[PDB]
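Before any comments, here is the structure.
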Amino acid sequence: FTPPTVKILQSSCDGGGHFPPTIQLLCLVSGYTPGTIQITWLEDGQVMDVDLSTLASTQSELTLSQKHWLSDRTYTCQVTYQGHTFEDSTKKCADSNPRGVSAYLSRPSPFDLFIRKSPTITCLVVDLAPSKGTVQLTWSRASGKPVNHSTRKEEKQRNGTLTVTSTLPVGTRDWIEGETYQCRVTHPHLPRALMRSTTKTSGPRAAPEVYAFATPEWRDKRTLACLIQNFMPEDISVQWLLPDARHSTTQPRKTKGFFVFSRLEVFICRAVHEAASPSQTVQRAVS
Amino acid sequence: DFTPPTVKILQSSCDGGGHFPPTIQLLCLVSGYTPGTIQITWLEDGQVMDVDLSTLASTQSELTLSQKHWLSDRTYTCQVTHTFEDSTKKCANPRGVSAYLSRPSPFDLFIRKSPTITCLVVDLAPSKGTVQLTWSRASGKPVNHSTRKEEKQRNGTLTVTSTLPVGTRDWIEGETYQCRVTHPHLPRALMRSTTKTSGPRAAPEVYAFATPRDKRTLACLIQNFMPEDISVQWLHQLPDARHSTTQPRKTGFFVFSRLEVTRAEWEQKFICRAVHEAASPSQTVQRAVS
Amino acid sequence: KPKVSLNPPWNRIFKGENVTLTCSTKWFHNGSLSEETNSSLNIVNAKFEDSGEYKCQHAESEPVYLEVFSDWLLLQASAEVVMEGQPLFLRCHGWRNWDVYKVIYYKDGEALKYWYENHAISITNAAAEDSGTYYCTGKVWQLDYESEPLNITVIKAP
Ligand SMILES: *[C@@H]1O[C@H](CO)[C@@H](O[C@@H]2O[C@H](CO)[C@@H](O[C@@H]3O[C@H](CO)[C@@H](O)[C@H](O[C@H]4O[C@H](CO)[C@@H](O)[C@H](O)[C@@H]4O)[C@@H]3O)[C@H](O)[C@H]2NC(C)=O)[C@H](O)[C@H]1NC(C)=O
Ligand SMILES: *[C@@H]1O[C@H](CO)[C@@H](O)[C@H](O)[C@H]1NC(C)=O
Ligand SMILES: *[C@@H]1O[C@H](CO)[C@@H](O)[C@H](O)[C@H]1NC(C)=O
Ligand SMILES: *[C@@H]1O[C@H](CO)[C@@H](O)[C@H](O)[C@H]1NC(C)=O
């Protein structure tokens, strides 16, 4: 009796983020042991529709007025299969920049993650109106796994705003295995709570290729380059073995179906990439 | 007696509490079309991100996005190819006109000797009215003829252009070129200038490099030049899109150039040319690699 | 000698904006006699030429000045010169019905106050130390705008 995976897809928005006249909700129940599944639809706790069908999958679509949807009601897709409930819920996505606040949530450095083996995600909140012990920041793991030990920095910026930080330490394995990290900001000003997530980047990986170069210069000093290419999460880390500022590095740019240059003025060009085999590192050298 | 495809995009839904997923799936539903050859192009804000090709049927293509990426309010398109397409963004606010004004290419300026500055106006309301664009020379001398090309954008905004041709000498002798944008919406007129860059110059250094699959990869490290304004191209004159180039970054400045050229071009022979203002001879440094 | 009052108080308005000068009377725009007798002079949909020195009389009463601007943000002010303890109102005003967000006032360089939406300064007890050069930062239609600076000065008097 393999358990079904339940997710809701909705109508997309105008190229200009405008709402459809009518919003379709699609309930995807997929990847379960062929049996008798039934999908109950629940508008804010009350049944709106029912559907029953007998490693397959099934779908059940529910439609909504643009106004009904904007009513910020909470819709629940309730799969009952082999005598056990599964569900997913949704409502109109709350305003993400409430009163204009912004909250950013970093991914770990591929260096921070494999070399230093001490990963940290950081939740940043800017443009806050200055307050005191009003501002609460709260971490949580998607799994439900426990969480403790997090920074809190409520420091005050030049332009009159409050900028709150909270750096949380994260387990490489936990991360690597697709964990999802939630950062939850509450405030007496905000009508609700801001919330940002972050997870291991989806898609197929591909290890890097590296190339240490040089072209001796005219007190004559010689310059060193590196072409780390064809890797498949943008997330990469480059260093020369030497300080992380004695060299410069371009931003990743998609090649022929990414790549980075590294310029070291002064040996070894190390690429710390997630896909890279064996220690999670490719690298080369130049004379 | 066929039937075009129906193109719609489904997106990931929110938390019961209206919060965004970590990653956001985009599902492209190409449906109800006469069995043929269909290729799906994925456009991030006018740029290709992914392409597939599948051969009364239907088919699906999926694009995944960082919750950050998504929250960037960029406009993703699904382009089924004759062309069909649907586009979505984070459900939203209006945004007023911005106006940019380019400097000429050091190549456009010395090599091609046919300089052009371009005034760009974006985020216009298509219903706001019509946008007058106006050139003027600091001196007073009349401007030449400005080509005005408009392009109603994918995200609902108007994007007006006006490319004005400019005299090399006029430029070289410190002229200042004014672009003046007027509109019924705007309380005033936007105004952008551009002139020959002040500061001390310094000619570039160049280095053509070569790497060890069985396709080609070629690099170039043009460095230590002293106006950011530089031009890079690879000859053989290979196209300005067959290679990529980084932005200048103070080191002087520097740029990398990446030219992938088939081992078939390895069978004919190349050249990394830097067209820089300070560059000595014909205003060009350059090198090569085998 | 009568005095000239402004409603609203702002001696700096936008184009198209109104304002009413209160004071069997004569009016003096720029120096020229206006064709208005009423003790209150009306100004509908302001034009630029509506700028300039104004004054009234029944014994001639001194001048008040009215600037008209077209722009995104106008830092309006109650009075440009005040005497200690008198009311002073400051107001970061935006073009038309347009909405100015993330508004911050600056006095002499420093961040006086910031708020998510628009706000105004109001002092019932104009402190002599308030004299400063003011200006306000705003956000209109998602874009950034700094207001024209405005000099203000209180006067403590024995
Ligand atoms: C009384 O005297 C005052 C001066 O004491 C005088 O005020 C002046 O008004 C003129 C306009 O007549 C102002 O000049 C303007 O400056 C602005 C600056 O942004 C320009 O934009 C204006 O040009 C616009 O208007 C043109 C024609 O209307 C348009 O074709 C053009 O597109 C512009 O939109 C204009 O040049 C000047 O700044 C003030 N001076 C002061 C001190 O305020 C007023 O005109 C006199 N009134 C009477 C009835 O005598
Ligand atoms: C205010 O200044 C801080 C510090 O530089 C910056 O983080 C923030 O973006 C600014 N807020 C505004 C005005 O957007
Ligand atoms: C709409 O698209 C163009 C680029 O394709 C961009 O320049 C413009 O700013 C966009 N408007 C937005 C994202 O608000
Ligand atoms: C300004 O005056 C005119 C005439 O009274 C009127 O059309 C307009 O509504 C007024 N503006 C105000 C008071 O908001």
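In this analysis, Cβ positions are derived from the backbone assuming ideal geometry, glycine residues included, and neighbour counts consider all displayed protein chains. Every number in this text was worked out from the coordinates using simple rules, so none of it is lab data.
Do the alpha carbons of any pairs in A:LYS67/B:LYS8; C:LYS3/C:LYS113; A:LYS117/B:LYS215; B:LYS149/C:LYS102; A:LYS91/C:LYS113 sit beyond 25 Å of each other, and which pairs?
Going by Cα-Cα distance, C:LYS3/C:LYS113; A:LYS117/B:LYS215; B:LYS149/C:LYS102; A:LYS91/C:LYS113 fall outside the 25 Å limit.
Where the centre of each part is set by its Cα atoms, how far does the range A:23-93 sit from the range B:1-39, in angstrom?
Their Cα centres are 18 Å away from one another.
Roughly how many debye, to the nearest 20, is the charge dipole of the range C:70-158 about its Cα centre, given +1 on each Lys and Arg Cβ, -1 on each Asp and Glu Cβ, and no other charges?
Here the range C:70-158 has a charge dipole of around 200 debye.
For the protein assembly as shown, what does the convex hull of the Cα positions come to per residue, in cubic angstrom? Can you show the working numbers first?
Numbers: hull volume 195.1 nm³, N = 735.
So the per-residue hull volume is 265 Å³.
Name the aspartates and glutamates eligible as straight-distance cross-link partners of A:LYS256: C-alpha to C-alpha under 13 Å, and not fewer than 8 places from it in the same chain.
B:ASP50, B:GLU260
Using the Kirkwood radius over C-alpha pairs as Rh, can you work out the diffusion coefficient of the range A:139-197 via Stokes-Einstein at 4 °C, viscosity 1.567 mPa s, in µm² per second?
The calculation lands on 97 µm²/s.
Let me spell out the model: positive unit charges on the Cβ of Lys and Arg, negative unit charges on the Cβ of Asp and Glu, origin at the Cα centre of the range A:94-200. What dipole size does that give, in debye rounded to 20?
120 debye
Give, as ranges by residue number, the residues of the range A:178-212 whose backbone N falls under 15 Å from the point 7 Å along Cα→Cβ of C:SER122.
So the set is empty, nothing qualifies.
For B:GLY167, enumerate residues with amide H under 5 Å from its amide H, sequence gap 5+ or separate chain, H modeled in the peptide plane.
Amide H neighbours of B:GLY167: none.
Taking the convex hull of the alpha carbon atoms in the range B:1-116, what volume per residue do you get, in Å³?
193 Å³
Dipole of the protein assembly as shown, Cα-centred, from +1 at each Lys and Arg C-beta and -1 at each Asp and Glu C-beta, to the nearest 20 debye?
Numbers: 79 positive and 72 negative charges, 377 e Å.
For this selection, approximately 1800 debye.
Can you list the HN-Hα couplings for the range B:29-45, worked out from phi with the Karplus curve (6.51, -1.76, 1.60; θ = phi - 60°), rounded to whole Hz and with x for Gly and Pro?
9, 9, 9, x, 9, 5, x, x, 10, 10, 10, 9, 9, 10, 10, 7, 6
At 7 Å along Cα-to-Cβ for each site, give me the label-to-label distance between B:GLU150 and A:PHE19 in nm.
3.1 nm
Of the beta bridges DSSP finds with both residues in the protein assembly as shown, what % are antiparallel, to the nearest 5?
95 percent
Any chance you could check the Cα centroid distance between the range B:217-290 and the range C:46-89 for me, in angstrom?
Value for the Cα centre distance between the two parts: 61 Å.
Could you check the simple spin-label distance between A:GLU61 and A:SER279, using points 7 Å along Cα→Cβ, in nm with one decimal?
5.4 nm
Only residues of the range C:57-72 count here: report those whose backbone N is under 11 Å from the spot 7 Å along Cα→Cβ of C:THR25, or say none.
Correct set: C:57-58, C:61.
Would you order A:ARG270, A:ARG253 from fewest to most other beta-carbon atoms within 10 Å of each residue's own beta-carbon?
Least crowded to most crowded, the residues run A:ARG253, A:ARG270.
Work out from phi, with θ = phi - 60° and the Karplus expression 6.51 cos²θ - 1.76 cosθ + 1.60, the ³J(HN,Hα) of each residue of the range B:66-74, listed in order in whole Hz, and give x for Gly and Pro.
4, 4, 5, 3, 5, 5, 6, 6, 7
Mind sorting C:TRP141, A:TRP218 by how few other Cβ atoms lie within 10 Å of their own Cβ, fewest first?
The fewest-first ordering by Cβ neighbours comes to A:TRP218, C:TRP141.
What distance in nm lies between label points placed 7 Å from Cα along the C-beta direction at C:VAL81 and A:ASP220?
With each label placed 7 Å out from Cα toward Cβ, I get 7.3 nm.
Would you compute, from DSSP H runs of 4+ residues alone, the mean residue ellipticity of the protein assembly as shown at 222 nm, taking -39500 (n - 2.57) per run and dividing by the full residue count, rounded to the nearest 500?
My calculation for the protein assembly as shown gives -500 deg cm²/dmol from helical runs alone.
Given a Förster radius of 41 Å and the C-beta distance between B:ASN93 and A:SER202 as r, what FRET efficiency does 1/(1 + (r/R0)^6) yield to the nearest 0.05?
Computed FRET efficiency for B:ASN93 and A:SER202: 0.90.
Taking a temperature of 25 °C and a viscosity of 0.890 mPa s, what whole-number D in µm²/s does Stokes-Einstein yield for the range B:197-290 with Rh from Kirkwood over alpha carbon pairs?
Here the translational diffusion coefficient equals 180 µm²/s.
Please compute the contact order of the range C:70-158 in relative form: average sequence separation of alpha-carbon pairs under 8 Å and at least six residues apart, divided by the residue count, as a percent.
Once divided by the residue count of the range C:70-158, the mean separation gives 35 percent.
Once the Cα gyration tensor of the range A:72-216 is diagonalised, what are the square roots of 5 times its eigenvalues, in whole Å and ordered largest first, as equivalent ellipsoid semi-axes?
The answer is 31, 27, 15 Å, longest axis first.
Among B:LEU164, B:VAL255, B:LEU53, whose Cα lies farthest out toward the positive end of the dipole of chain B, if unit charges sit on the beta carbon of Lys, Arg (+1) and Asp, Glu (-1)?
B:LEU164
Apply the a/c threshold of 1.5 to the C-alpha gyration tensor of chain B and tell me whether it is rounded, prolate or oblate.
Judged from the Cα gyration tensor, chain B comes out oblate (a/c at least 1.5, b/c at or above a/b).
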